[PDB]
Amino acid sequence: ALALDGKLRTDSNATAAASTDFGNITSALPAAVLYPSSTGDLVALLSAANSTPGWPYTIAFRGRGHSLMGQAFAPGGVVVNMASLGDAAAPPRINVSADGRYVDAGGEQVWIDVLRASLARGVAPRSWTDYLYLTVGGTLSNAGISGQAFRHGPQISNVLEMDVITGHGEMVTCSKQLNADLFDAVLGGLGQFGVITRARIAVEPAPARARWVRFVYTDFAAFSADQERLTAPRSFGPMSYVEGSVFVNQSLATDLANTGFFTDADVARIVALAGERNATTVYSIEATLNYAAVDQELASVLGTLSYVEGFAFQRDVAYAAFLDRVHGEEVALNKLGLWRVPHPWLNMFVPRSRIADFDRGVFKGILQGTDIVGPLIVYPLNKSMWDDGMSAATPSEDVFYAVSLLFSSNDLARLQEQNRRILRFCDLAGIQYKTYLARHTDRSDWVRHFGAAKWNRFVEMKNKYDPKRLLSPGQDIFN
């Protein structure tokens, strides 16, 4: 029925396209790929799966395939090409509310398009990812983090309601007020319980511009203390965005130039500073202030900090230009053939109490004497802005750090071994980290990830909403 309407494709080109992802490390061929024209086509697929004894196929929902390790694959199953839902000109897949207090976006829609539609109405989401060509449904199935998360929470903390089609093939609207169990389960739920077809996203009046700063440190203690100062609850401080970067000695000049922030003269100055201090690691805080008045506001904030004098670097850009900054990085890297390469990325949340230990073992230890390509990102988050009732798993401490080591790749094998070594260091040091964007491959690891109480809830929701265990099998939780 769906195949006759040209929606369910089994041809080699279709299956091949749905068999690889951004990670470029693992691959898995699906039996078929659905190209739905409407949510009705998704209901039809999931209802058939629910009602058919001996239903053969697991089902995955491909956003834009930005997964690192096959999370969007359905080996010998059906991959849903979610993007197809946004093919038609009418009706619109992104609706800013009449009063401009929220935006309704299709699960398949990319955040860059959500931004553009929001700005047309003078508004914008409050919480972002660093990179905007990701789907609403995709990031909400994980968490969605960037430099705003310390004060607004992750993207999953900025959703009012969702439309979800469950593994039973039932279309359900959920929120804190209605079907809250499904609402909580789906958010950070790794595509396990149903497909998000619509999410209601909180917005704020859009700032016009961003004052954009980078501050340089050679001392980790000063660097991390200042990050924590900038992101501390008062309500929060003036800064709209706070992240940080780590630069190892061997690839210092190259990595500093690769930020796209520093000029060649700026890079030379930082290299000279590291040299005079014999520093093996350099650290940079990246922060923005959304808006003569800005000058004094910025001066007042910087006066509370302890970066190396003479090493505050400033840019002033349009708000939208700041948010979409990484798009220009992709275009440039792809032209050099350096974008579509293996990405053995390591992402985790590290408790505040152990971040100095992590720095000693990893940045000052394991990563020393290697040529690093890709950013090493480190910044604090506030647990208070996360809802522990949702599926997403975080460390127990009030403050924990996002640590994102975004390695680009003989080299791949070395990098995979290096990541195993970093994880081994953390385990032996007894650091109670949580991975982010990673899939585990056995039960014990997944139970450890969630913790006993949250795992038991996760299973309860799985039995209620996907009892056949069909959905997002690439997560390797129930498959």
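One-based numbering along the sequence shown.
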{"property": "Between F262 and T263 - deposited residues without coordinates, as a size class", "result": "none"}
{"property": "Selected stretch [higher average CA B-factor]: 89-97 or 134-142", "result": "89-97"}
{"property": "Stretch with the higher entry mean CA B-factor, where the candidates are 194-202 and 305-313", "result": "305-313"}
{"property": "Highest recorded Cα temperature factor - choice among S409, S404, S245, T166", "result": "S409"}
{"property": "Out of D324, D184, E161, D266, highest CA B-factor residue", "result": "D266"}
{"property": "Third of the chain's Cα B-factor distribution that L471 belongs to, per the entry", "result": "lowest"}
{"property": "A60, C-alpha B-factor rank within chain (lowest, middle or highest third)", "result": "lowest"}
{"property": "Entry-reported Cα temperature factor of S67, expressed as the chain third it lands in", "result": "lowest"}
{"property": "CA B-factor placement of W345, once the chain's modelled residues are sorted into thirds", "result": "lowest"}
{"property": "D11 - Cα temperature factor, lowest/middle/highest third of chain", "result": "highest"}
